[PDB]
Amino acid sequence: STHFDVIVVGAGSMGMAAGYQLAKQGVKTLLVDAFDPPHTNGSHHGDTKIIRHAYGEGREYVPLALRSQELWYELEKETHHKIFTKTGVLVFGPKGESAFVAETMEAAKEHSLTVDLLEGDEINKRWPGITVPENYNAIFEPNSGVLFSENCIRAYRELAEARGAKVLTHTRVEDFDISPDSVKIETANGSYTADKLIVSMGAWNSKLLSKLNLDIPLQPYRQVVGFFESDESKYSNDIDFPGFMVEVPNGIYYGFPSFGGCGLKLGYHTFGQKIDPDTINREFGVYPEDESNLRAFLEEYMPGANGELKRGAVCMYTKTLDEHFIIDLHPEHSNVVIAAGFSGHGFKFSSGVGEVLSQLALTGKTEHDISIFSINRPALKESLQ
């Protein structure tokens, strides 16, 4: 018998940030999650995530990245959990052969970001442990870095709960009932109503948005990461080894310096298995490519970080056809906000997205420019049932 102002379904990266923004304003909020965030069944575990400002996926993401960076610094001051370390982020690739490196460079120029440009041997010299061909160029962003994702979610949850937000864990939302003046969710643990709904179920958006009469192509992918024993005199965060996202002939890779001897962490971005979030095999090593795709990169570009595998993790990306996000009101219901398809690069923006989602839910509009994330854009291929 408890009505809420707002209900957030999926209290992960995006939902928990929204819950915190709403709670902070005194909005009576209920967050419902299938597990107990932060957990290891969605897209936010694996300990760390890169935050970059000069944006290779699109210069139009810069303001949101800069706003998110400021919000992460604010969160750092508000909690005892560690949130951000300024490792800097290095982007490199073959000169003239990487659209990713080119747009990162254009994005930095267009928004006057602070970056260092270097090439070939200058890269190897500046960061012992990296070995790239002489025809490679790079752009280094010293002020971006690494976020401790599980800590971010845990901190937003503690702060939101302290202000009255309620979080119903281990509860799967199974259906929705939307009316012009209210929303209702159905779960095995009971039904709940509110004035507004925010839907942010991550990989499960690909299976449950149909319950809101939405037919949007969303493909979940199994993406693994590995931590490798490394030469700490070269790859440690203590000796300024940077976070990185680079483009090589066979694709894009991203990584993190070793923190407190945990080993260098690496992931292969461009390849992953197409899967269903409810049947995905979350054990690292069950496919030979899990470990082999990573060592293929390490032995060539960071030879001293190709030691024993210390830990593996299996997480998911949910891609849209254009790999841009979906953040918008439901086309048929202004009282329903959708956050989906972060396509493998949404964590860094979760603080800013939480702000956008709270504004959309409370006012139906946002001060941020989110036109490129419209649920009505052609490149998405969106429609109703």
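In case it trips you up, residue 1 is the first one in the sequence shown, and so on.
- Taking the PDB entry as given, 316-324 carries the higher mean Cα B factor of the two stretches 346-354 and 316-324.
- The stretch 163-171 shows the higher mean C-alpha B-factor when 78-86 is compared against 163-171 in the entry.
- Highest CA B-factor among the listed residues (114, 182, 144, 104): 182.
- Of the candidates 266, 246, 178, 239, the deposited coordinates give 178 the top C-alpha B factor.
- Split the chain's modelled residues into thirds by C-alpha temperature factor. Residue 68 is in the lowest one.
- In the PDB entry, residue 311 places in the highest third of its chain by CA B-factor.
- Ranked within its chain, residue 17 lands in the lowest third, by CA B factor from the PDB record.
- For residue 152, the recorded CA temperature factor ranks within the lowest third of the chain's modelled residues.
- Ranked within its chain, residue 56 lands in the highest third, by CA B factor from the PDB record.
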